[PDB]
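Enquirer:
Protein chains: 4
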Amino acid sequence: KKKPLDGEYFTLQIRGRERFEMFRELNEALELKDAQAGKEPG
Amino acid sequence: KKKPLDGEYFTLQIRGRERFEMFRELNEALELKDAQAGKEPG
Amino acid sequence: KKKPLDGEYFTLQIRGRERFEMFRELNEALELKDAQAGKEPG
Amino acid sequence: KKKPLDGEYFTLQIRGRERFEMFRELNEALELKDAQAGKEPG
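Protein chains in written order, with the deposited numbering: chain B, 319 to 360; chain D, 319 to 360; chain A, 319 to 360; chain C, 319 to 360.
(1) For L348 (chain D), return the contacting residues in chain B, with the cut-off set at a CB-CB distance below 8 Å.
(2) Report the CB separation of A347 (chain B) from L344 (chain A) in whole angstroms; it is logged as a contact under 8 Å.
(3) In terms of alpha-carbon separation, which member of A:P359, A:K319, A:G334 and A:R342 lies closest to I332 (chain C)?
(4) Using DSSP bridges, identify the partner residues of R333 (chain C).
(5) With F328 (chain A) and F328 (chain C) assumed to form a contact (beta carbons below 8 Å), what rounded beta-carbon distance in angstroms separates them?
(6) Is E358 (chain A) helix, strand or coil when you go by DSSP?
(7) Does the Cβ-Cβ distance between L350 (chain D) and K351 (chain C) come in under 8 Å?
(8) Chain D partners of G356 (chain B), CB-CB under 9 Å?
Below is the structure:
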């Protein structure tokens with residue numbers, strides 16, 4: 319499965335329910351760019 | 319100690335070491351504003 | 319060109335050069351998700 | 319007034335009204351920490 323041995327994984331506590339969803343959203347956003355970032359050019 | 323019974327607490331996994339510190343920074347930023355937000359006016 | 323009449327556009331001043339690039343990065347991240355968000359399912 | 323000659327100022331266009339307010343919020347958050355960051359210790 320390509321192994322999850324990418325960068326070290328971490329965690330962060332976020333108080334607030336609505337605010338939490340907001341942080342997670344930014345995280346998935348960067349992960350999405352990384353998907354097209356490692357996309358071979360051409 | 320005013321009890322930690324504020325909003326429900328949550329957590330988020332952030333891959334990458336440098337990126338992790340970045341997310342945590344934004345979290346502490348909002349928490350700082352909340353400190354002066356609950357500061358009685360006058 | 320599909321017209322740029324989407325949501326109203328706005329602007330934000332960000333002091334600091336390194337910090338500025340950081341904000342712009344988050345903006346492009348959300349815009350990327352929106353691209354796959356409006357992607358017809360199936 | 320201490321002169322606004324701090325780091326170079328910049329700008330960023332953010333589509334969406336609700337989203338715009340969100341970005342501006344993060345900006346003010348970092349600026350708040352900077353205020354207590356330049357606060358002489360002791």
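Using N, Cα and C, we set each Cβ at its ideal position, and we do this for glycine too.
Expert: Taking the coordinates as given:
(1) Along the second sequence, one-based indexing puts residue 348 (chain D) at 30. What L348 (chain D) touches in chain B: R337.
(2) In the first sequence, counting from the first residue as 1, residue 347 (chain B) sits at position 29. In the third sequence, counting from the first residue as 1, residue 344 (chain A) sits at position 26. Right, their Cβ atoms sit about 7 Å apart.
(3) On the fourth sequence, residue 332 (chain C) is found 14 positions in, with the first residue counted as 1. Checked all of A:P359, A:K319, A:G334 and A:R342; the closest Cα to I332 (chain C) is A:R342.
(4) Taking the fourth sequence and counting its residues from 1, the one referred to as residue 333 (chain C) is at position 15. For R333 (chain C), which the question treats as bridged, DSSP gives the partners A:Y327.
(5) The residue given as residue 328 (chain A) occupies position 10 in the third sequence. The residue given as residue 328 (chain C) occupies position 10 in the fourth sequence. So it is not a contact: roughly 15 Å between Cβ atoms.
(6) Within the third sequence, residue 358 (chain A) is the residue found at index 40, counting from 1. Coil.
(7) The count along the second sequence starts at 1 and reaches residue 350 (chain D) at position 32. The count along the fourth sequence starts at 1 and reaches residue 351 (chain C) at position 33. Yes.
(8) Along the first sequence, read from residue 1 onward, the residue named residue 356 (chain B) stands at position 38. By Cβ distance, chain D contributes nothing, its closest Cβ being about 13 Å from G356 (chain B), past 9 Å.
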